[PDB]
C-alpha cells in the first residue's frame, strides 16, 4: 500500500484536500462520481493478480482507478486534475518520493509517460502512454517510510502530462498504480 507524495499522485492529492470538503473542481467531481470512500482508501489503488501484466487487469479508460469500481472517480477525462510543475535538479534527475504505508519487497517501480499531444479530455488508455517506461527502478531502500527514487525525466516532453507509476511487488503478484499529473517546462 501507498502512493506518490513527491509529486503528489492524483488520488493522494485529492485525499490531502480533505475528502469531506474537496477544493479543486476535479476532486469535487471525483467525490460526486465515486464518493469519499475512494479517497479514504487512497493507499489501496491495487490489482491483486497483476504479476507484471498490467494491461490484463487495468482496462483502458480506467488507468488512474486501476480498473477498480471503488476508484472510478479518478478516471474522469478532465483537463483540470491539479498538476505539479516539475524539472530535474542539477544532477539531471528528479527525486520521486513514494509514501510506502505498507512497505513490501519490490520487483520494480516503472514510470510511464503520456505521448506528445495527449489531450486530457480523452479517457486515459495504455496506448496514450509510450509503450516502454521512461524510468524503471529495480532497487529501493525504505527511508522514513518512503522510497526516494532518482529518475531521469522524459526528454523533450512539454506541457501538461500524466506520469503513470506502477509498483510491482516481488513477494506477491500484487501491484499498485499511481497517476501523477505534472507539467514540463519548454
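Numbering follows the first chain given and starts at 1.
K.L.:
When the Cα temperature factors in the entry are averaged, is it 15-23 or 174-182 that ends up higher?
P.N.:
Per the PDB entry, the higher value belongs to 15-23.
K.L.:
Using the B-factors recorded in the PDB entry, average over the C-alpha atoms of 41-49 and of 154-162, then report which stretch comes out higher.
P.N.:
The entry gives the higher C-alpha B-factor average to 154-162.
K.L.:
Among 138, 146, 62, 55, which residue carries the highest C-alpha B-factor recorded in the PDB entry?
P.N.:
Result of the comparison over 138, 146, 62, 55: 138.
K.L.:
Sort the modelled residues of this chain by their C-alpha B factor and say whether residue 114 lands in the lowest, middle or highest third.
P.N.:
Lowest third - that is where residue 114 ends up once the chain's C-alpha B-factors are sorted.
K.L.:
Residue 107's Cα B-factor: lowest, middle or highest third of the chain?
P.N.:
Ranked within chain, residue 107 CA B lands in the middle tercile.
K.L.:
Looking at the entry's B-factor column for C-alpha atoms only, identify whether residue 83 ranks in the lowest, middle or highest third of its chain.
P.N.:
Lowest third of the chain for residue 83's C-alpha B-factor.
K.L.:
If you rank the chain by CA B-factor, which third does residue 101 end up in: lowest, middle or highest?
P.N.:
Middle third, going by the recorded CA B-factors of the chain.
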